[PDB]
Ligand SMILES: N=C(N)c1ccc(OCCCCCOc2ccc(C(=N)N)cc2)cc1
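As structure tokens, one chain now follows by itself in the form deposited without the named molecule.
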């Protein structure tokens, strides 16, 4: 494909280097397409990156729906989602690139809108789990949105800031975190 091999080489570059480290020159010299091509579907470079995120959050959310069956209670789904978070090949590997990205486009207005459209997708899985768990009598959260937002970011914190220590050490901490947290809700 064309408008799909771009998105591919781009994802690979944003991860391998960083957001700025990868230039449109590079994406082209390895995705072979005149500068203009990258201009139709993808208006700007911040469009191509914001595009990659959407796909990634979708592939990830999709992977979780196909794996969440292995958890019977919402309590178990919480532990599971946070554990799988450390291993997916989806979305989470772009978090550094996203931190970089936001530091260099937070002076524009169309940024806080798109970076907040994704926010809703990103915390959705937690919203389901906490609401569904309210319905299933697993706990009683008065402010579901607040808690989903906290859970999502705290977890994104664990996944992102421990990216060097042995993987099983990380799963261990994440489980202790999921424990402290749900225990905190009831």
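Residue numbers count along the first chain shown, from 1. In this text, the rigid core denotes the largest set of C-alpha atoms whose superposition between the two forms falls within 1.5 Å.
The form solved in complex with the named molecule is left out here; the points below concern that form.
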Original post:
Open site or blocked site for the named molecule in this chain, with its pose taken in the bound PDB entry and fitted by superposition, and blocked meaning 3 or more ligand atoms within 2.4 Å of backbone or C-beta?
Top reply: blocked
Original post:
Where does the named molecule sit in the bound PDB entry: which of 39 to 47, 150 to 158, 128 to 136, 22 to 30, heavy atoms within 4.5 Å?
Top reply: 150 to 158
**OP:** Using heavy atoms only and a 4.5 Å cut-off, decide whether all three of 76, 175 and 181 touch the named molecule in the bound PDB entry.
**Re:** no
Original post:
So, in the bound PDB entry, is residue 63 in contact with the named molecule at a 4.5 angstroms heavy atom limit?
Top reply: yes
Subject >> residue 88, heavy atom within 4.5 angstroms of the named molecule in the bound PDB entry >> reply: yes
Original post:
Taking the rigid core as reference, which of 144, 128, 150, 28 is displaced at the C-alpha by at least 2 Å between this form and the one not shown?
Top reply: 28
Subject >> Core-aligned C-alpha movement of residue 9 between this form and the one not shown reaching 2 Å >> reply: yes
Original post:
Does residue 79 show a Cα shift reaching 2 Å between this form and the one not shown after rigid-core superposition?
Top reply: no
Original post:
Superposing on the rigid core, does the Cα of residue 64 end up 2 Å or more away between this form and the one not shown?
Top reply: no
Original post:
Between residue 89 and residue 171, does the Cα distance in the bound PDB entry come out closer or farther than in this form, changing by 3 Å or more?
Top reply: closer
**OP:** Have a look at residue 14 and residue 151: in the bound PDB entry, are their Cα atoms closer together or farther apart than in this form, given the change is 3 Å or more?
**Re:** farther
